[PDB]
């Protein structure tokens, strides 16, 4: 059930489609800026994760394959540790990012930090902490594994 202005708004669109008028370009011409790129990223990541939990939870459910065989499969491939830790950093970033940036947005929802320097600072903070926390959570067990492999006792 729409408001009166939403009803009018809808008749406008039909009126404009009936008039065969073009739509002025947007995405493909609007300058990329750290405002909407990051909203981009927040939505891509949020969805890319939601999607992964669907392809996975239903994938491994519906398929004969089990997750343990899938892990051994990829280990059997003999991939270099660096590329494996990159795939790991790539799994972490969307969780670190979307999580951090999601509190920034709840700020915005409460009219907080909405000025331009704040907008732009909190963007770097969020963007940079995420890159940090992800690199932390991946390089930490691998550094402390190479310890165990050679640590005297």
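Positions refer to the first chain, counted from 1.
Asker: Per the record, averaged over C-alpha atoms, which has the higher B-factor: 11-19 or 141-149?
Answerer: Of 11-19 and 141-149, the stretch with the higher C-alpha B-factor average is 141-149.
Asker: Taking only the CA atoms, which stretch has the higher mean B-factor in the record, 95-103 or 81-89?
Answerer: If you average the C-alpha B-factors of 95-103 and of 81-89, the larger mean comes out for 81-89.
Asker: Which one of 30, 36, 108, 70 shows the top CA temperature factor in the record?
Answerer: If I rank 30, 36, 108, 70 by C-alpha B-factor, first place goes to 70.
Asker: If you compare 65, 41, 48, 116, which has the highest Cα B-factor in the entry?
Answerer: Within the set 65, 41, 48, 116, 65 shows the top C-alpha B-factor.
Asker: Would the CA B-factor of residue 24 place it in the lowest, middle or highest third of its chain?
Answerer: According to the entry, residue 24 has a C-alpha B-factor in the chain's lowest third.
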